[PDB]
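To start, the structure itself, in structure tokens.
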Amino acid sequence: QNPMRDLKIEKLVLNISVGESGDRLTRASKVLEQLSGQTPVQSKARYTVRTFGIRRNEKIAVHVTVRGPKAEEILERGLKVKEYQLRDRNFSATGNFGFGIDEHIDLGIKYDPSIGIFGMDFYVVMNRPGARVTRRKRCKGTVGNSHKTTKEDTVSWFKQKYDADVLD
Amino acid sequence: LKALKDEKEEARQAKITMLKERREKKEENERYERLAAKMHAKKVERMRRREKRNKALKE
Amino acid sequence: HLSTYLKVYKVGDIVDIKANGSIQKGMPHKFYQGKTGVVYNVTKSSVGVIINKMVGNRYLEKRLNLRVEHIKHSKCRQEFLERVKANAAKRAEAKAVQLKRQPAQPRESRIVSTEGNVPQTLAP
Amino acid sequence: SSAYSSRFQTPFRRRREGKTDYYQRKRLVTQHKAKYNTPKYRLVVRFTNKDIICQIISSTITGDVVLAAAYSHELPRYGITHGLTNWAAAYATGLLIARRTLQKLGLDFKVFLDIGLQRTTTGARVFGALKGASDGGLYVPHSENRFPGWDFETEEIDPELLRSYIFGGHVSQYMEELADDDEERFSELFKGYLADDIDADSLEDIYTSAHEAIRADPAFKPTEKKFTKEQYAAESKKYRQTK
RNA sequence: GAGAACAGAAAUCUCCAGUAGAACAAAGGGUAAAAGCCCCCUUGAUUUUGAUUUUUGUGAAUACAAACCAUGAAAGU
RNA sequence: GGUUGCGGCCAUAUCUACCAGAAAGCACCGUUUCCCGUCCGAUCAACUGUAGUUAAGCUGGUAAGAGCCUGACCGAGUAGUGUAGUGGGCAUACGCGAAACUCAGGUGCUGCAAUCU
């Protein structure tokens, strides 16, 4: 029985990790900006590595978060690229799931060699009503075991809506 | 005399064996936990070795 | 420990010094620890305390200021005041004694019975 | 595990629940203490869903004491059934508790506001209750900064705007806009308001209503308390477990 | 720890555990809605009057009142 | 007796697993014009308690559970220790006197105000 113990989507984070910093980052900027409607966030490097070719504080990625109907709409238009076929993995233990796409032009947006091509990673966090207890300030607490999301519940919800497969 | 002392020492040995059994079950599962933790620690410090990581400065 | 702040300390009261590690401010006096002194003046933030410190073979008088967090009320005079009040009551009753203290006296005569407690003889 | 549990150091119970902040509490309760007794009084405002709380507390080693306490459920008696948690309603509750305490002290004193855990934001209902109390006449220290309509771009304030907020102007203009733009959300969010058919001038007059009423009788007409103690106790013990 | 295209042991993203094992000028005390990181505003690291401890010489720290000030809604600092 | 708010003492309260919770409240939850802040009304800010839920949180019981606390004719008058002797080659005499461990028992107590079938 599930009157309020459903499994709604909470949010989707779309991320673009670039090998270099500059107008390439600004272009990936622009891509996620146009896809979401809102302004994205530029993420810097934590530490220098010198084999990936970067340094501390270099602005080496850009990402964005989306909540609401927009999130699942973009999710479906992206999963069309993966044609509704994920793996047994790509589902976390705690009940979240994500994938990655090359050739972002495979959802609506055209080639436009003005800018080039980028790939991006979708990650999608799931929950139920009542997550506010671990997110508010006053009254903070944690959620019970029975109400915890899980890989099995998410995979069943996914073999349900979007009507997909597991592929191994 | 041999009748009396052997039931008394046998009851006491029963107490001794119960004590020992109990302590050894507890320390056995404790040892298993610590050994698995030790192996996990060794496996993670095996892959951290590939990272250059001068521990001193700030990187 | 908020009960270490709702603690009135009037001039005259006696207090022990026991400074806790949890407050870096005003950690006083390395050997003024477990030592008792009465309070002479009080300000905000503050209490006064005087101690008779001995140097050579004379007791000189060191006055000091401390945060309230370190000081503590002394139970030094509890039995003294209890005995004084009881002495007033006993003096009133006499007016209507050995109110003084006395060490432990030798226990007096008595009788020990054998009803169910027969003495149990034994050996090494 | 055993060692982690043993080396664990638990905080205070009231902190383990997200209920108090001893950092702020000590700065509040701690006195000058050159002056000895001089009990320090603090007005405690709290917002739950469906209800507001305003109290005036002294604290002592007994643990604390409540000389005066009011809530928003009293305001139906004073002329408003609706919107108990809003800005104007908390303002009314603050004026109520202020006139109450001033009546009991017989003067018409100095009380320090407790914010709780709520964030300090321009246009907050805690500052609405502050203005209600200062209305009532208790001298509390404050600044005109955080009242709404405070133009963040400079150091000035418009009194007419927070006057409208006191009268319920934002809810009224939103009522008007949502009404002349739609009726789905209107019928959903204003069912009692719809059955009552109240006006903007209406609702301002009702708040004036209630203001004069609390100025008339702030003496805490208490609840009627049906089904006295033993009834409640036995019926609750029917459903209370026991070892 | 689990998880996400190129991306691997370390590039960025998300979730769970995590009393401190991190940081605060290397095995130690103290600090977790902080004494830590980020953000907002400032530059009380300011003058005058006396008091205490370390110490007869000062300096150091300490509390204490009046002013000019900063800060926060405030208690207060 | 239940609950809410403010607290005191700060694990007998904490951790883990399961279960129950009529009513009351609390809580999730509904919405985003304004006050406000967010990459993102998720947090924070505001509005109506209306759409609806005890699923969660919270409260209480349960476990030859972990830990935490109390006690012991528990250890034990033991170890250790002050004093004396032309005592032996460590005991005796007058005296003081533990802790760990083990065992047993327990698993929050309370103040102020308000409120509830």
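Here Swiss-Prot sets the residue numbers for chain D, with the shown residues being 9-116, 142-276 in order.
Determined via electron microscopy, 3.1 Å.
Every residue, even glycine, has its Cβ placed from backbone N, Cα and C.
Annotated in Swiss-Prot:
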type	residues	note
CROSSLNK	D:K164	ubiquitin cross-link
MOD_RES	D:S167	phosphoserine
MOD_RES	D:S176	phosphoserine
MOD_RES	D:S235	phosphoserine
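Recorded features from Swiss-Prot, shown on the structure.
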residue: D:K164; record: ubiquitin cross-link; CB count, 10 Å: 20
residue: D:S167; record: phosphoserine; CB count, 10 Å: 17
residue: D:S176; record: phosphoserine; CB count, 10 Å: 9
residue: D:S235; record: phosphoserine; CB count, 10 Å: 12
Inset, instruction - For D:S176 (phosphoserine) and D:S167 (phosphoserine), determine the Cα separation and express it in whole Å. - result: 12
